[PDB]
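Colleague: My complex, part one, positions kept as in the full thing:
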Amino acid sequence: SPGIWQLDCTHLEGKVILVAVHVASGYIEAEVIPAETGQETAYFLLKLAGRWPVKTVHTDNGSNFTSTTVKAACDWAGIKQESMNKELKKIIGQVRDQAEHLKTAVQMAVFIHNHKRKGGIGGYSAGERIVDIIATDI
């Protein structure tokens, strides 16, 4: 399960957020982009794979995955194509106040989501789960 990611889209304030969730830990990355395009997705995946060892992404059916540029990026990076963010809507809502731009609220919420300890003393954050899973794997 170490290299499996889920990628999905969300539309807010007539704008687009790509969210990737590392499935075994619930760790996320997100970015706001103007539109859900092949180019934008492919750049996103390339960033992702250069940072974590991505093996497989699960995506929705959308055209932005079928593009020639996304397939070239996947081939180049060795990625094979095949709810956790409902919390991210919520966190985006709780911090919307604290910033002018959406892209800033998005990133603040990613920070909050990844650093938040689940459970009591002895708990782990998503950020800690992902690094532990990967370290263990090696």
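Modeller: Everything's here; your move. Residues are numbered from 1 along each chain as shown, chains lettered A, B, ... in the order given.
Colleague: element containing the residue positioned nearest the centre of chain A, please.
Modeller: Nearest to the geometric centre of chain A sits residue A:20, at 2.0 Å (CA atoms, centre = their mean). Per DSSP states H and E: residue A:20 is located in strand A:15-22.
Colleague: Sheet partners, orientation included, of that strand?
Modeller: Paired neighbours of strand A:15-22 in the sheet (DSSP bridges): strand A:4-12 (antiparallel), strand A:27-33 (antiparallel).
Colleague: now the helices for chain A?
Modeller: In chain A, the helices defined using DSSP state H lie at A:38-51, A:63-66, A:68-77, A:86-95, A:102-115, A:126-137.
Colleague: For those helices, give me TSV that also has distance to residue A:8.
Modeller: In this view, the C-beta of every residue, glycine as well, is placed from N, C-alpha and C. Output for the helices of chain A, formatted as TSV (distance: least, CB to CB, whole Å):
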stretch	distance to residue A:8
helix A:38-51	11
helix A:63-66	11
helix A:68-77	15
helix A:86-95	10
helix A:102-115	14
helix A:126-137	16
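Colleague: among those, which is nearest residue A:10?
Modeller: Taking CB to CB, helix A:86-95 is the member of these nearest to residue A:10, at 7.0 Å.
Colleague: just checking, what packs against that closest one?
Modeller: The contact analysis (3 or more CB pairs under 8 Å, 6 or more residues apart in numbering; DSSP states H and E) places helix A:86-95 against strand A:4-12, helix A:102-115.
Colleague: Go ahead and measure how far it is from the middle of the chain.
Modeller: Distance of helix A:86-95 from the chain centroid (CA atoms, centre = their mean, to the nearest Å) equals 14 Å.
Colleague: add chain B to the structure above, sequence below:
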Amino acid sequence: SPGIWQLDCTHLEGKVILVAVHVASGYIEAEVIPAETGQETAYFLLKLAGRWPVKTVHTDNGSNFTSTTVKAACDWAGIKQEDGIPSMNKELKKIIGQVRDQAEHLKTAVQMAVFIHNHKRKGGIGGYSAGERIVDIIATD
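Modeller: Take a look at chain B, now in place beside the chains above:
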């Protein structure tokens, strides 16, 4: 020393590459930006700090770091900003030169070069890559 990151910039084809180096591992993260503004740096650091446990940052003390926007982002994320504290730039431009022909746009070749830097075995076949060192270094349990 595990939460220390150095920030740096490099220029190419007349655009700004913002680079974050994890000091103890060599792991790099990088984005191409329109210009070295307060806002673009703050946005960069905030994305960084949401992805890794960023305790400290060293800067070249460029003017984008003296901006209130950056200092306010560091604050929010609990990062200690350390301006003026002393290449990767050369090694990265050379890797960029090797993949440059495979990408329409610079930004894309930047992420390809980051990927290659992070996956490269350092030393012999018995060794480990930057991507491997950082997780090993950062893993708490």
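Colleague: picking that back up, pairing partners for the residue nearest to the centre of chain A in the sheet, please.
Modeller: Beta-bridge partners, per DSSP bridges, of residue A:20: residue A:7, residue A:29.
Colleague: you'd agree it is up against residue A:47?
Modeller: No: using CB atoms under 8 Å, residue A:20 is not in contact with residue A:47; the gap is 9.7 Å.
Colleague: picking that back up, quick one: distance of the strand holding residue A:20 to the chain centre.
Modeller: Counting by CA atoms, centre = their mean, strand A:15-22 is centred 5 Å from the centre of its parent chain.
Colleague: And the contacts of that strand?
Modeller: The contact list for strand A:15-22, computed with CB atoms under 8 Å, 6 or more residues apart in numbering or on different chains, reads A:4-11, A:27-36, A:40-41, A:44, A:48, A:52, A:57, A:84-85, A:88, A:102, A:106, A:126, A:130.
Colleague: Now a PyMOL select for only the buried ones of these.
Modeller: To isolate the buried members of these in PyMOL, using 16 or more other CB atoms under 10 Å in any protein chain shown:
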select buried, chain A and resi 5+6+7+8+9+10+27+28+29+30+31+32+33+40+41+44+48+52+57+84+85+88+106+126+130
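Colleague: OK, contacts around the residue lying closest to residue A:45 once chain neighbours are set aside?
Modeller: Spatial nearest neighbour of residue A:45, chain neighbours left out: residue A:73 (5.4 Å); criterion: CB to CB, 6 or more residues apart in numbering or on different chains. The contact partners of residue A:73, taken as CB under 8 Å, 6+ apart, are A:42, A:43, A:45, A:46, A:79.
Colleague: And the furthest pair within the residues you listed?
Modeller: A:43 and A:79, at 13.4 Å, using CB to CB across the contacts of residue A:73.
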